[PDB]
Every structure is written in C-alpha cells, then in structure tokens.
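K.L.:
Quick one: this structure, given as structure tokens, is what I'll be asking you about.
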Amino acid sequence: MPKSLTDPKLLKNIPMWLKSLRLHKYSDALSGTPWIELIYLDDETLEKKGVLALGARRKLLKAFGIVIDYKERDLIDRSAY
RNA sequence: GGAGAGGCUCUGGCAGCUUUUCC
C-alpha cells in the first residue's frame, strides 16, 4: 500500500520508490530504467525486466498509472527529472 | 511463548516462509 510515489526523491532514486511498494527485492530488475520511462512499461516488459510474479507486475502498473497521471498534470517537482 | 534484524518466495501485504538475534 503506497501513499505518495509522486515524490521526486523516490522518482530520482528507483530503489526507494520501490521501498514504499514492498517490491524493493526487484530493485535491480527495475534499475537501469529511469522513472519517467519505467512508468510506461507494460505487463510483458515487466516479465522481461524480472517481475515474474503476477501480483508484483500488476502493482507496478498501478504505481505507474498514478505517477504518469501527475506527470501528465505537471504537479511533480523538477528535481524528480 | 513474544519481539527485533537478514535471506528467500508470490498471491505484492506492516504478507508468507526461512535463517539469525534478543527476551
């Protein structure tokens, strides 16, 4: 259960974005990809990243749709980029 | 019997299992 995700310190630091999601075991599978683009991932992209669990991957797509939303609204800080 | 700290595993939770630590 996340509470923010739209946070520039988490968005710049993918491990700590994923800490707030209990997915920080897959932090190396989701690293090498910046937040701005990670969010645009697909279910197929996630299983090719290393996100083989169904629960995991579905919860990335959720987490992702939220941040994207705030990106498309511009409510995010310039320090996330 | 209870709590803390790692490792692992999805069904992704103050989840489960496991290894340790303290009582």
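Labels for the structure tokens follow display order: chains A, B, ..., residues from 1 in each chain, ligands from 1.
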Using only C-alpha atoms (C1' of nucleotides), determine which residues lie at most 10 Å from residue 12 of chain B, disregarding the query and same-chain residues fewer than 6 positions distant; provide the list as number ranges by chain.
P.N.:
A: 1, 21-23, 53-60
K.L.:
Output N, CA, C and O atoms of each residue in that selection to a file, as a compact mmCIF listing (two decimals), in the first residue's frame.
P.N.:
```txt
# COMPACT_ATOMS: atom_id res chain seq x y z
N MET A 1 0.85 -1.21 0.00
CA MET A 1 0.00 0.00 0.00
C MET A 1 0.88 1.26 0.00
O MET A 1 1.41 1.63 1.05
N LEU A 21 6.71 0.30 -1.92
CA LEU A 21 5.85 -0.64 -2.64
C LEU A 21 6.10 -2.12 -2.27
O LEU A 21 5.47 -3.00 -2.85
N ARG A 22 7.00 -2.38 -1.31
CA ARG A 22 7.40 -3.78 -0.95
C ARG A 22 7.96 -4.62 -2.11
O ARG A 22 8.09 -5.83 -2.01
N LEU A 23 8.34 -3.93 -3.19
CA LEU A 23 8.94 -4.57 -4.36
C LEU A 23 10.46 -4.35 -4.43
O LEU A 23 11.09 -4.75 -5.40
N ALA A 53 6.28 -12.54 -10.93
CA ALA A 53 5.05 -12.69 -10.17
C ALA A 53 3.91 -11.85 -10.77
O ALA A 53 4.10 -10.71 -11.20
N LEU A 54 2.70 -12.43 -10.80
CA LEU A 54 1.51 -11.71 -11.26
C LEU A 54 1.19 -10.52 -10.36
O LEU A 54 0.86 -9.44 -10.85
N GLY A 55 1.26 -10.71 -9.04
CA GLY A 55 0.92 -9.67 -8.08
C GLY A 55 1.86 -8.48 -8.22
O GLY A 55 1.40 -7.36 -8.44
N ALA A 56 3.15 -8.74 -8.03
CA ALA A 56 4.20 -7.77 -8.38
C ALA A 56 3.85 -6.91 -9.61
O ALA A 56 3.58 -5.72 -9.47
N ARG A 57 3.83 -7.53 -10.80
CA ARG A 57 3.67 -6.80 -12.07
C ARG A 57 2.41 -5.93 -12.11
O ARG A 57 2.51 -4.76 -12.43
N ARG A 58 1.26 -6.47 -11.68
CA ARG A 58 0.01 -5.72 -11.62
C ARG A 58 0.14 -4.48 -10.74
O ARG A 58 -0.37 -3.41 -11.10
N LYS A 59 0.87 -4.59 -9.63
CA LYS A 59 1.06 -3.47 -8.70
C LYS A 59 2.06 -2.44 -9.22
O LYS A 59 1.91 -1.27 -8.89
N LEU A 60 3.00 -2.82 -10.10
CA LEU A 60 3.80 -1.84 -10.83
C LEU A 60 2.88 -1.00 -11.73
O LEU A 60 2.91 0.21 -11.65
```
K.L.:
Give me the residues near residue 75 of chain A as a PyMOL selection string, where near means some atom within 10 Å (using only C-alpha atoms (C1' of nucleotides)) and where sequence neighbours in that chain fewer than 4 positions away do not count.
P.N.:
chain A and resi 6-7+67+69-71
K.L.:
Just list the residues in chain A DSSP gives alpha helix (DSSP H) on the backbone, as a PyMOL selection string.
P.N.:
chain A and resi 8-12+14-19+27-30+35-38+43-49+54-73
K.L.:
Could you pull the residues within 8 Å of residue 26 of chain A, counting only C-alpha atoms (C1' of nucleotides), minus those fewer than 3 positions along the same chain, as JSON, numbers by chain?
P.N.:
{"A": [23, 29, 30, 50, 51]}
K.L.:
Which chain B residues are at most 9 Å from chain A (counting only C-alpha atoms (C1' of nucleotides)), as a PDB file with N, CA and C atoms (P, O5', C5', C4', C3', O3' and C1' of nucleotides), in the first residue's frame?
P.N.:
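Below you can see out29.pdb, which holds the result:
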```pdb
ATOM      1  P     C B  10       8.657 -16.767  -7.101  1.00  0.00           P
ATOM      2  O5'   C B  10       7.146 -16.884  -6.581  1.00  0.00           O
ATOM      3  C5'   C B  10       6.186 -15.946  -6.998  1.00  0.00           C
ATOM      4  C4'   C B  10       4.795 -16.236  -6.403  1.00  0.00           C
ATOM      5  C3'   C B  10       3.813 -15.330  -7.127  1.00  0.00           C
ATOM      6  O3'   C B  10       2.566 -16.008  -7.217  1.00  0.00           O
ATOM      7  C1'   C B  10       4.062 -14.628  -4.827  1.00  0.00           C
ATOM      8  P     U B  11       1.393 -15.479  -8.170  1.00  0.00           P
ATOM      9  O5'   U B  11       0.569 -14.545  -7.162  1.00  0.00           O
ATOM     10  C5'   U B  11      -0.469 -13.686  -7.573  1.00  0.00           C
ATOM     11  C4'   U B  11      -1.308 -13.150  -6.396  1.00  0.00           C
ATOM     12  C3'   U B  11      -0.604 -12.200  -5.420  1.00  0.00           C
ATOM     13  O3'   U B  11      -1.533 -11.344  -4.746  1.00  0.00           O
ATOM     14  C1'   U B  11      -0.954 -14.242  -4.349  1.00  0.00           C
ATOM     15  P     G B  12      -1.904  -9.871  -5.252  1.00  0.00           P
ATOM     16  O5'   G B  12      -0.726  -8.956  -4.630  1.00  0.00           O
ATOM     17  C5'   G B  12      -0.721  -8.650  -3.236  1.00  0.00           C
ATOM     18  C4'   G B  12       0.407  -7.720  -2.742  1.00  0.00           C
ATOM     19  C3'   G B  12       0.668  -6.538  -3.694  1.00  0.00           C
ATOM     20  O3'   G B  12       1.074  -5.357  -3.017  1.00  0.00           O
ATOM     21  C1'   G B  12       2.564  -7.910  -3.602  1.00  0.00           C
ATOM     22  P     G B  13       0.034  -4.318  -2.399  1.00  0.00           P
ATOM     23  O5'   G B  13      -0.425  -4.977  -1.025  1.00  0.00           O
ATOM     24  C5'   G B  13       0.455  -5.041   0.080  1.00  0.00           C
ATOM     25  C4'   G B  13      -0.286  -5.607   1.295  1.00  0.00           C
ATOM     26  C3'   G B  13       0.365  -5.124   2.595  1.00  0.00           C
ATOM     27  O3'   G B  13      -0.327  -4.029   3.166  1.00  0.00           O
ATOM     28  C1'   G B  13       0.595  -7.437   2.394  1.00  0.00           C
TER      29        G B  13
END
```
K.L.:
Find the spatial neighbours of residue 37 of chain A, counting only C-alpha atoms (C1' of nucleotides), within a cut-off of 12 Å - ignore same-chain residues fewer than 2 positions away - and output them as a list in words.
P.N.:
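Skipping anything fewer than 2 positions along the chain leaves residues 11, 12, 14, 30, 31, 32, 33, 34, 35, 39, 40, 41, 42, 45, 64, 65, 67, 68, 71 and 81 of chain A.
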K.L.:
Write a file of the just-selected residues containing C-alpha atoms, as a JSON list (two decimals), in the first residue's frame.
P.N.:
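Below you can see again_31.json, which holds the result:
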```json
[["chain", "number", "residue", "atom", "x", "y", "z"],
["A", 11, "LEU", "CA", 11.33, 9.13, -8.55],
["A", 12, "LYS", "CA", 15.07, 10.01, -8.91],
["A", 14, "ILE", "CA", 14.23, 3.93, -8.06],
["A", 30, "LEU", "CA", 13.72, -2.32, -12.30],
["A", 31, "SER", "CA", 17.01, -0.35, -12.13],
["A", 32, "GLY", "CA", 18.83, 0.60, -15.37],
["A", 33, "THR", "CA", 15.48, 2.27, -16.29],
["A", 34, "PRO", "CA", 14.57, 5.86, -15.18],
["A", 35, "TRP", "CA", 11.19, 6.57, -13.58],
["A", 39, "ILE", "CA", 6.03, 4.00, -15.58],
["A", 40, "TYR", "CA", 5.36, 3.49, -19.38],
["A", 41, "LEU", "CA", 6.16, -0.25, -19.02],
["A", 42, "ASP", "CA", 3.82, -2.99, -19.95],
["A", 45, "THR", "CA", 8.01, -5.54, -20.27],
["A", 64, "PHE", "CA", 2.98, 3.65, -12.67],
["A", 65, "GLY", "CA", -0.51, 4.89, -13.71],
["A", 67, "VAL", "CA", 2.92, 8.88, -11.18],
["A", 68, "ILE", "CA", 2.18, 9.17, -15.01],
["A", 71, "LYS", "CA", 3.41, 13.76, -14.88],
["A", 81, "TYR", "CA", 13.70, 14.57, -13.57]]
```
K.L.:
Could you name the residues that touch residue 20 of chain B at 10 Å or less, counting only C-alpha atoms (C1' of nucleotides), but leaving out those on the same chain fewer than 6 positions away, as a PyMOL selection string?
P.N.:
chain B and resi 5-7
K.L.:
Can you pull out every residue within 12 Å of residue 23 of chain B, counting only C-alpha atoms (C1' of nucleotides), but drop anything in the same chain fewer than 2 positions away, and send it as an MDAnalysis selection string?
P.N.:
chainID B and resid 1:4 21
K.L.:
Quick one: distance from atom CA of residue 48 of chain A to atom CA of residue 10 of chain A in Å, one decimal?
P.N.:
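Here the two named atoms are 22.9 Å from each other.
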K.L.:
How far is it from atom CA of residue 3 of chain A to atom CA of residue 66 of chain A, in Å with one decimal?
P.N.:
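Straight-line distance from atom CA of residue 3 of chain A to atom CA of residue 66 of chain A works out to 10.8 Å.
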K.L.:
To one decimal place, how far is atom CA of residue 2 of chain A from atom CA of residue 62 of chain A in Å?
P.N.:
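So the answer is 10.1 Å.
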